[PDB]
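See structure below.
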Amino acid sequence: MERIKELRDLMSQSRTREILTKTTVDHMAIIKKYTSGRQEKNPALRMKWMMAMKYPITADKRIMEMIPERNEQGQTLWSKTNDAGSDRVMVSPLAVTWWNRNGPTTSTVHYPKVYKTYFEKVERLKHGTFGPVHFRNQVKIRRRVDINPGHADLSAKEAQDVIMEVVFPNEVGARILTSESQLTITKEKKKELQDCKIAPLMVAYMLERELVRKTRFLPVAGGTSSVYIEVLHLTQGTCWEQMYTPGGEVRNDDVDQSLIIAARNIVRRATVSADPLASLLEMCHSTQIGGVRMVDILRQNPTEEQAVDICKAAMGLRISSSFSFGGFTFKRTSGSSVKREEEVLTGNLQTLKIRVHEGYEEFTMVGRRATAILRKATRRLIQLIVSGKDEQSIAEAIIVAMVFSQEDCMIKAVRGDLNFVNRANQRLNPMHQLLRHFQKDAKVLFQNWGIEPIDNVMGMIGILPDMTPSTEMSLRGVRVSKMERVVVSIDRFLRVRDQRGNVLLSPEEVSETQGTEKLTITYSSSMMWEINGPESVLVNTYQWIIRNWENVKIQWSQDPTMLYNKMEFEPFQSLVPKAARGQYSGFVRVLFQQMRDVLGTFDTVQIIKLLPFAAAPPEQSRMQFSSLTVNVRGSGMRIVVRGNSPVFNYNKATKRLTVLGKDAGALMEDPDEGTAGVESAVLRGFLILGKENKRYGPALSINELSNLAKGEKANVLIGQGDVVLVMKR
Amino acid sequence: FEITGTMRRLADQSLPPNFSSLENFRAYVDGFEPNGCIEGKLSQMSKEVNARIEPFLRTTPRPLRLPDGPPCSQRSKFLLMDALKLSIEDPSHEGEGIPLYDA
Amino acid sequence: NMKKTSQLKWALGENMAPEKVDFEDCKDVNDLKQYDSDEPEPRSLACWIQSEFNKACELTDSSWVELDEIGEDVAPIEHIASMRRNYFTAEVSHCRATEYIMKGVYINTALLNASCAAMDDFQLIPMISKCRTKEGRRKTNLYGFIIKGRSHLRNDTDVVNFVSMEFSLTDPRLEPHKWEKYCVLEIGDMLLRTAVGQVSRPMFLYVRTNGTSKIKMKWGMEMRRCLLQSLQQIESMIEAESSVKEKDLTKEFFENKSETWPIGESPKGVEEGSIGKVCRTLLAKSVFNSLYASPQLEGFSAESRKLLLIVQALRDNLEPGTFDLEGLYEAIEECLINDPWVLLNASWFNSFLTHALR
Amino acid sequence: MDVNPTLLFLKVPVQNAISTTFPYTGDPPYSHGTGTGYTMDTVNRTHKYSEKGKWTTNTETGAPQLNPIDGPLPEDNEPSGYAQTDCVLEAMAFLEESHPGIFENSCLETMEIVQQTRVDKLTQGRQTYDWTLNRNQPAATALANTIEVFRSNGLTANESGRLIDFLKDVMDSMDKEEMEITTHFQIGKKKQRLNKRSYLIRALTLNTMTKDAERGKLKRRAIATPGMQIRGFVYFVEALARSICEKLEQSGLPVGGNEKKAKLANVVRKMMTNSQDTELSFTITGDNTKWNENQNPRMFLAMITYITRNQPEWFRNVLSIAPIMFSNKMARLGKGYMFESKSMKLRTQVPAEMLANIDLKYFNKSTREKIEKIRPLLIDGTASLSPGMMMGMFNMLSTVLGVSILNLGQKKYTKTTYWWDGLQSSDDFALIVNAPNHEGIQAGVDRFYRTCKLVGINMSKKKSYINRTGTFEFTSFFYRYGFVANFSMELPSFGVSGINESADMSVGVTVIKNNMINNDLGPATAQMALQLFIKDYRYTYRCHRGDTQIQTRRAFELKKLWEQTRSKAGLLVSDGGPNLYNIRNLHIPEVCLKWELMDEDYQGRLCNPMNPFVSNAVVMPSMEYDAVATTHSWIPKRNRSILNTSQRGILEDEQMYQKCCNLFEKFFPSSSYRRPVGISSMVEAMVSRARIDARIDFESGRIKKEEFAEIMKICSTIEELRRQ
RNA sequence: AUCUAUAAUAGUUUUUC
RNA sequence: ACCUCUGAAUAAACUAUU
RNA sequence: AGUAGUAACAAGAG
Ligand SMILES: *O[C@H]1[C@@H](O)[C@H](n2cnc3c(N)ncnc32)O[C@@H]1COP(=O)(O)OP(=O)(O)OP(=O)(O)OC[C@H]1O[C@@H](n2c[n+](C)c3c(=O)[nH]c(N)nc32)[C@H](O)[C@@H]1O
Ligand SMILES: [Mg+2]
């Protein structure tokens, strides 16, 4: 009634009637932003200039009745001058600080409810626990982290639609909530906010603070969850780490993810030790995940993962030999596999490397709405027997099975602009990208998969590409049907065998992906970086060599065997490719032996660079190496044997060794350093004498030096665009 | 969304020199296939259009040439190394008392 | 408010702006022409700016900044930060550059507040600073007086004229070229004591007409960021060493004074100073960047950064190569015109080239 | 001992002390007078770079237009705009061949964007050159004036609310024989009726001015403000260029911050890994000389034509309009000049529109030469500028062109032992060259330089250098085996931002936290920064501690509030309370940080929704950096300079606009939360909503039949008033 | 595992003779 | 002359916050 | 005069 009377009043005036008639709803936004021009260019200067004025602050005209014109000292609090383009009056800051001491008082009891997020921050800081401060060689990595967690199974647009449904039911337009998560959250918030006495706009902003996810790229070390990101300034520094645990309640999915990350790191590190089982146990007892001991989490966490199950089995716990893939819990009833990287060409003409599992295997798929039995061979689906609930559940199960099968048809079914790198050029998991692509639109995948006639066995139905229950022909190898932890023993080499004696898990089955933890992973031992990421592992390994250079040098001179067997090099050896560990070790050991027998050719930097590669059991081959590869976030990063490298660059001007762009420390020149330009640790069986010498014909390559014999000097294009004279001993 | 009238006339004058209508240029671009154009233009271009790299050795750089003229003069808003202060023992914090009284 | 006398009307540029007329009514005037838009007159580098910078880097006997309070320390990292901040504050509060910071902040704040409050008045503004002596007693200092002209400032570059009367003991006749803008009086005989006897020296008043704008006054009021600029770099160096040493080195740097950095030059050669010396030097450099801000400084910094990067690449054995190095030199030297600070920076760059390539 | 700060680099690498080379504590340089000299210099230089091109006279505007496309191949290393169209088309073709489907998918996304974008997208921005007033206006104000003029001239296709319909209206306006406008003077309204050529000159005109507060530049430079007619087309072209750039690994746009640094580092490391160990690698820290004064709108039209092959005609037309309008663009000369008579002691403003036929005796030598060079180009008070992209426009399309030139450096294209790749962001670039020896490196650099010359890109020799790969500079980011921190760049952000007390406190603490996270701001320096910010905040807002005797106008009120308070820690710093911030709680709003320390009555007064300083409820007015609104979230006064002009009716008009908008919000509660959409008028929408709501309330029994009948009667009265 | 909400404000980056 | 008014908003991308 | 620097301010408008 008041609204319609005010509208009738505005329609009676000539100008307001013109505005109301000639302005459409679309142009209402334009006229709402319409202004004469707020000449604001330097707000800091403008504020400093205005705070010297008598009345720099505007206020509503009610202040002339709510606040007196003058205070006790007679100072004026407001003036009758109106602000430009409005009926607001000009007031002094004295008016605001007078209100804060003499104004009417209301009940501020609903403020903690309306601003629950900020008071939640206050509570998390209040009940948080601070640990010691450790000064370390920090290696921060720019990654996408969430600063506002929002709701788990929601996006920004879905959260906005849910908010509109909850707060403005009659303004939702054509949107209908389809996701079951949206319906559940909508019902929950409608019941919780029933008979609420807050303004609807304020309620909408509360729900935005509560439900809308926000992620950003930040240079982050430690946990990437919101509770750790909000205190990232406090907990992480350039040279220090502050141990801290937020005081609130920790989400369990973050615990699961961090446990998976820690277990994978621990298992991969333990695989290279002499006794993997003891190393795994002592690492699991020394690991904390968000202020909680890892062993307790393992005892009370039902997470289906290979490394987590290996960690459980090492401690006598019962495991479920299962894993997750695309929202389903797989379990290998029978079969075996060996991973193998195979490059494939996508349907949209993209080249990528996919970890292909060889061998024949059988699986069972379990999901919240569907169940299936899967048999497969190398990149070939033998059969799939789905027994889902509705059409969409069976469709999702079929899509997941097709992606899992790694069928070349599935690869060639890719269309559109499907990206396999991050927006920051970070490599993504190809299988996850294929899943997300085919879960948006799978018509082309089903079309190109094929068809196959069914023989009507047991009455199991067929399925057509458009999701219909045919009885004559079905998708190739797909059939439709209708609707436990075990005690294990773990070997010395982390081989998990069932009570009967069959192998269930192995270290080779552990994923090679190097992820990051949602909750900060604290490791307490001599090497706090022993289960850290590859960048931290490399930097800290070379810094450990630098700091201990005196006794390491003495041991290298006297007893190299014990030096190569230091436990500190094992995290490094977990980065060297498994097939090349022995070759690199043997090559580097031969280089070191030649370096010892040729006095004066003592290059400190060469020894420091090549030492971590000698920690593996040596395999003797005649292959020459110009560079050694190290896996860093999936890409083999080479360390060039001669000269600097992206991983390892030594600066002679500063005497400062920089690894992956992180300072590792300054070396000190040895008296036995060779100030003569003679190198003996570059070629396996050839000693560098000097620069180019045209007397010995044209320059050749390192990979063609076998034909040379004893004393045959030659010129080799070893290194980055350099030719030097080498001789054979 | 059709380009007609004044917009068409402007479009007919927004082309390379050897095209008279936007339709002709569109037809040329639609049928365009790369046929050694860049290589031929590079061969035609004279060898004087190059980016020669001159090494920057330790003996390469020269000192900067400072201008010649009368010596520079002080321009700061207050004295820096020549300022004299008349001081009083006033147990008051920064900006408390009346500036004129303190002066 | 000072009386609008003839001497103040002249000194503050009263009625010096020409009458604003229409081009119709003055197009036939013989000498009517475009504003003088010539380049600045070149000036050569004099030795006094190096002495000014040397004096701005020194340690004073008084504490010049009284930093406010923060919350109580709870985290251990907060206690470590408080210890390091104690070292930083001990180094930075007793530096002449901090006195310049406080003096400039006070002067610019007073000028801007008077400019907004009294558009059409000549205000007398004393130059006041507060300090704590070595024995902790508060002390109020008077440097001189400032008279503000009219301040009907429309643009951010509009100039307000002021007259600066400042006490000094420096004889203007020893370096006359430095004081070309000043009229120096002799207003008294101050009694100083060197070791045991009272020495009588003349007390001079350096009077000049000067001007500033709203943007300059704002950036003078915000002069306390020089502390941040110096201290962030100092702490970056400290933490860079701590990262490879795996322990805090703040106390080792500030007390043991084992690690030194080349910070100056003597007739013997390059001289290296402690972490506190480097902190004071960087603070003085930032303060002088604030006091002598000019387009010449901006151009020189931006253009000489490239040459610094090229020299660094040469020192890293990265085989640097240029294409039009003479063009780069011309671009750098285009900015060296008449600003003493920029000319001193150019001399420093020449010294750096001499030392960095031998 | 003479103190030499520069000698610090003898031990500290330059990248690790790069903050010392940014003197960002003093005031930046400003421009004092006119920008006409710089604009004329830019026009003359742009035409000089293309002087060997073909001259034509535009049949629609009469402006002389210079066409450098397919001009003679250069014989020297001077800058030139003689881009070859076939070379640009071949670069586009090879870019499409190396990334199959990039243009098709980008066109699909851009078609969706074009079909869905609303007209109020044009209001996003500060200023738009209003052709109805021949000066800059706020973007919303310029759009409103343009829409009103179009409606008065029977151009009402924009009433759909879509941006493409507004562009159709612009195109239709181009064909009107006469466009009518309305002018104010000393305050009456006068109708002015432009002719076809005059309106066409106004619509193709970009305003010009000087750039104030620019760091690192000795001399000032000109900048441009696009008009209302071209903004939508530029938005659509930039949307297409953005779609293309998102799919390119070498692109430096549109990624910024830590994401940009991570992408650049990953791309550089991928290039290093792909490089063979037995070959040299060099990186070029490269700039381009006068990129925007040498690139031609005709080449952008060619690029858009190649990109939109096999697309619907309407999409190609709507994308092509922007380069076409940009190749016929005119430039406003600016304010003009001021003339000073020393003898008669007078000064006067000379408008830029008189420079066509003004006597040249007044001007000095350089300005006279500028005017003599530019007079043939002057038409209708503007300068004909056919070549060049004016200022800060089509940056991502420039990035696309640069990335295509970089992409030309694969071994499949070089067909030799050298190859190149690198990074591209608008005009700035970094180039990595690999070759078996130094001769190959030189050959690859030469080939890159000559190819850029072919496509009209001139590599600044005096601002570029080359060294072994591992250190470079790109878009002011300094890479030394990884991007280093640069604190001096963010140093001006510290301080009182000038919104209000609450917002400024939040900004200060958030800036300290962000610089701790990103720019390696140490904890001790963070505490000192907090102290300095608190000091500046207290001085700026006259809110020193209650227990001090700082004599300000606000000090008595703060003393009174301090005396009556029981728990002093609960008072905000704006109210004279103490500073409770430290490193651990930088992320917490002040009102929430000390909420439980406040007195009940003080807290009730501070957070009182019935207070006049901010427009069970809570305080609400656009609450940037203000989590909880208090009485300290006030709004300062607006500038009152408009009251002395003839545009002072805009104040009354915007007051009535705000009144109508608030009345509308009384009918559609979600309008403020989410922008409403609709072709119906405001009164019609409100009446329909009132009728449906009254019917529903009657049906559910919330109101009785008498009130329903009263609402229906008032609605009928409003409908009757609507027609008359 | 993925991950450019929308909008507003401020800040930052983006030079011929 | 009194009187009266007024102290001055480029583009794009990004970042931060709401 | 001074600020300042390629053009301005040294009050403007009514
Ligand atoms: O966030 C990561 C991880 O922590 C999270 N995750 C893992 N497990 C869980 C559980 N149990 N609950 C909640 N979240 C979980 O998912 C993310 C995994 O990321 P990433 O490590 O990059 O992927 P991963 O390396 O695990 O590979 P993925 O594609 O997800 O496959 C998982 C699992 O499936 C095995 N597998 C695939 N194929 C095609 C196989 C096959 O043909 N034969 C056999 N025997 N195994 C196959 C993968 O090798 C992994 O073992
Ligand atoms: Mg560059």
Side-chain angles (χ1 to χ4, degrees), chain A residues 37-41 43 49 144 155-157 159-160 205 212-215 423 428-429 432-433 436, chain C residues 10-11 13-17 20 35-40 116 119 149-150 152-159 161 181 208-213 295 299 302 331, chain D residues 31-34 37 41 45 79 125-127 136 138 186 207 209 211 216-221 223-226 238 246 253-257 260 289-290 293 337-338 366 391-393 395-396 425-428 463 475-476 489-490 492-493 497-499 506-507 510-511 514 622-627 639-641 643-644 674-675:
Chain A
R38 311 169 190 179
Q39 299 182 350
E40 308 180 22
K41 176 183 171 183
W49 182 260
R144 177 173 303 277
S155 67
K157 293 198 305 177
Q160 183 188 23
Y205 290 158
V212 181
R213 182 176 177 84
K214 185 176 183 178
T215 57
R423 200 166 179 264
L428 300 184
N429 198 330
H432 297 173
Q433 279 298 92
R436 279 183 297 266
Chain C
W10 175 83
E14 176 121 335
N15 293 123
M16 289 299 302
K20 196 153 165 54
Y35 268 80
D36 182 65
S37 308
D38 280 354
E39 55 196 350
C116 189
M119 290 276 181
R150 306 224 206 104
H152 298 272
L153 306 180
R154 267 78 61 76
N155 306 283
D156 296 337
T157 67
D158 266 59
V159 180
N161 300 319
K181 295 297 195 316
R208 71 160 290 177
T209 292
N210 207 322
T212 177
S213 51
Chain D
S31 63
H32 299 255
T34 189
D41 272 330
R45 186 169 51 255
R126 309 186 66 88
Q127 299 283 289
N136 287 10
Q186 264 61 30
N207 199 14
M209 58 213 68
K211 183 175 180 55
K217 274 74 178 176
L218 166 64
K219 303 183 184 300
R220 310 283 72 77
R221 52 196 180 173
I223 50 184
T225 302
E238 285 312 285
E246 293 283 13
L253 292 178
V255 283
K260 174 181 182 177
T289 159
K290 292 301 178 181
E293 295 180 8
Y337 287 99
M338 283 202 59
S366 184
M391 287 97 185
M393 310 182 70
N395 287 328
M396 279 180 286
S425 186
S426 184
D427 68 310
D428 197 1
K463 296 304 175 59
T475 57
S476 192
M489 182 170 303
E490 289 282 56
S493 58
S497 286
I499 308 175
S506 299
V507 171
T510 308
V511 160
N514 291 332
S622 179
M623 302 304 294
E624 59 280 339
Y625 283 99
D626 208 352
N639 198 316
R640 312 172 60 83
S641 297
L643 285 178
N644 293 338
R674 189 158 69 181
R675 170 208 59 190

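Naming: A, B, ... by sequence-line order, numbering from 1 per chain. Just so it is clear, the values below take in all heavy atoms, side chains as well, and ignore hydrogens, waters and symmetry mates.
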Chi-angle category of F/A9 [syn within 90° of 0, anti beyond]:
syn
Looking at every strand, decide which applies to D/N644 at a 4.0 Å heavy-atom threshold: base, sugar-phosphate, or nothing.
base
Indicate, with a heavy-atom threshold strictly under 4.0 Å, whether A/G37 touches base, sugar-phosphate, or nothing.
base
If you only use heavy atoms from C-beta on, which nucleotide in F/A16, G/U6, F/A9 is closest to the side chain of A/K41?
F/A9
Flag side-chain contact, heavy atom, 4.5 Å: D/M209 against D/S31:
no
Under a plain distance cut-off of 3.5 Å, with no hydrogens placed, do D/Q127 and D/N136 share a side-chain donor-acceptor pair?
no
Can you tell me how far CZ of D/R126 sits from CD of A/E40, rounded to the nearest 0.5 angstrom?
8.0 Å
From CZ of A/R423 over to P of E/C3, roughly how many Å is that when rounded to an integer?
10 Å
Closest approach of C/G211 to C/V159 (non-hydrogen atoms, all atoms of both residues)
CA-CG1, 3.9 Å
Check every strand shown and say whether D/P492 touches a base, only sugar-phosphate, or nothing at a heavy-atom separation below 4.0 Å.
sugar-phosphate
So what does D/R640 touch, heavy atoms closer than 4.0 Å: a base, only the sugar-phosphate, or nothing?
sugar-phosphate
Looking at F/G7, which nucleotide sits across from it as a Watson-Crick or G-U wobble partner, both distances under 3.5 angstrom, or is there none?
none
Go nucleotide by nucleotide along RNA chain F from the 5' end; which of D/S622 and C/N155 gets its closest nucleotide reached first?
C/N155
Just wondering, more than 12 heavy atoms not from A/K157 lying within 6.0 Å of its NZ?
no
Under 4.0 Å, heavy atoms only, any strand: does C/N15 hit a base, just the sugar-phosphate, or nothing?
sugar-phosphate
Give D/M391 one of three labels, base, sugar-phosphate or nothing, depending on what nucleic acid heavy atoms sit under 4.0 Å from its own.
nothing
If you look at every strand shown and take non-hydrogen atoms under 4.0 Å, does D/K217 touch a base, only sugar-phosphate, or nothing?
base
For G/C9 and G/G2, do both pairing distances fall under 3.5 Å in a Watson-Crick or G-U wobble arrangement?
yes
Scan D/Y337 against the nucleic acid and name what it touches under 4.0 Å (heavy atoms): base, sugar-phosphate only, or nothing.
sugar-phosphate
Please report the sugar pucker of E/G11 as north or south based on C1'-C2'-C3'-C4'.
north
Between E/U9 and E/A8, is the stacking condition met, i.e. ring centres under 5.5 Å and planes under 30 degrees?
yes
Taking atom CZ of D/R220 and atom CG of D/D41, what is their separation to the nearest 0.5 Å?
14.0 Å
Note: E/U4 sugar, classed by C1'-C2'-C3'-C4' (positive north, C3'-endo side; negative south, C2'-endo side), is south
Mapping D/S31 and C/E14 to their closest nucleotides on RNA chain G, which lands nearer the 5' end?
D/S31
Quickly work out the A/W49 CH2 to F/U6 P distance and round it to whole Å.
15 Å
Which one is paired to G/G5, where only Watson-Crick or G-U wobble pairs with both distances under 3.5 angstrom count?
none
Within the structure shown, what part of the strands sits under 4.0 Å from D/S641 by heavy-atom distance: base, sugar-phosphate, or nothing?
base
Describe the nucleic acid contact of A/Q160 in one word from base, sugar-phosphate, nothing, applying a heavy-atom distance below 4.0 Å.
base
Whole-Å distance between G/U6 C1' and D/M338 CE?
16 Å
Please classify the glycosidic conformation of E/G11 as syn (within 90° of 0) or anti (everything else).
anti
Measure from the side-chain heavy atoms of D/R220 and tell me the nearest of E/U14, E/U2, G/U6.
G/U6
Does D/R126 place a side-chain N or O at less than 4.0 Å from the phosphate oxygens OP1/OP2 of F/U10?
no
Rounded to whole Å, please give me the gap between CG in D/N395 and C1' in F/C14.
12 Å
Strictly below 4.0 Å: does D/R45 bring a side-chain N or O up to OP1 or OP2 of E/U16?
no
Can you tell whether F/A12 is stacked with F/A13, judging only by whether their six-membered base rings have centres under 5.5 Å apart and planes under 30 degrees?
yes
Under 3.5 Å, is there a donor-acceptor pair between the side chain of D/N644 and the main chain of D/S641?
no
For F/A16, give the paired nucleotide (Watson-Crick: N1-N3 plus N6-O4 or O6-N4; G-U: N1-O2 and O6-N3; both under 3.5 Å), or none.
E/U9
Selection from F/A9, E/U12, E/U2 that lies nearest to any side-chain heavy atom of D/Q127:
F/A9
From the set G/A7, E/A10, E/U13, return the single nucleotide nearest to any side-chain atom of D/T34.
G/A7
Mind checking who E/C3 pairs with, Watson-Crick or G-U wobble, both distances under 3.5 Å?
none
What is the pairing partner of E/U16, taking Watson-Crick or G-U wobble pairs with both distances under 3.5 Å in any strand?
none
Considering only side-chain heavy atoms of C/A17, which listed nucleotide, G/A11, E/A1, G/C9, is closest?
G/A11
Expressed as a whole number of angstroms, how long is the span from C/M119:CE to F/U4:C1'?
16 Å
State whether the side chain of C/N161 and the backbone N or O of C/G149 hold a donor-acceptor pair below 3.5 Å, judged by distance alone.
no
Just call it for C/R208: base, sugar-phosphate, or nothing, with non-hydrogen atoms closer than 4.0 Å on any strand.
sugar-phosphate
With sequence neighbours left out, the residues meeting ring pair (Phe, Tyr, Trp, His ring centres under 6.0 Å) with D/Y337 are D/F363
Report which part of the nucleic acid A/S155 touches: base, sugar-phosphate, or nothing (heavy-atom distance under 4.0 Å, all strands).
nothing
How is D/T510 classified with respect to the nucleic acid when contacts are heavy atoms under 4.0 Å: base, sugar-phosphate, or nothing?
sugar-phosphate
Is C/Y35 near the major groove or the minor groove, when near means a side-chain heavy atom under 5.0 Å from a groove base atom?
major
Which nucleotide in G/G12, E/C3, G/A11 has an atom nearest any side-chain atom of C/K20:
G/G12
Residue pair C/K181/C/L153 against RNA chain G: nearer the 5' end by closest nucleotide is C/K181
Measure from the side chain of C/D158, starting at C-beta and using heavy atoms only, and say which of F/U10, G/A1, G/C9 lies closest.
G/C9
Would D/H32 count as stacking on G/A7 if stacking means ring centres less than 5.5 angstrom apart and planes tilted under 30 degrees?
no
Pairwise distance CZ(A/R423) to CG(A/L428) - rounded to 0.5 angstrom:
13.0 Å
What about D/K290, does its side chain sit under 3.5 Å from the base of E/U16 through a donor-acceptor pair?
no
Closest to side chain of D/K219, choosing from E/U16, F/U18, F/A9:
E/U16
Name the closest nucleotide to the C/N210 side chain, picking from G/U3, F/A9, F/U17.
G/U3
So, do F/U15 and F/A16 stack if we ask for centres under 5.5 Å and planes under 30°?
yes
Stack test, strand neighbours E/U6 and E/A7, 5.5 Å, 30°:
yes
Tell me which nucleotide among E/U2, E/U9, G/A10 gets nearest to the side chain of A/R213.
E/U2
Under 4.0 angstrom, heavy atoms only, what part of the nucleic acid is C/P40 near: base, sugar-phosphate, or nothing?
base
Quick one: is D/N639 getting a side-chain N or O under 4.0 Å of the F/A9 phosphate, OP1 or OP2?
no
Tell me whether the OP1 or OP2 atom of G/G12 has a side-chain N or O from C/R154 closer than 4.0 Å.
no
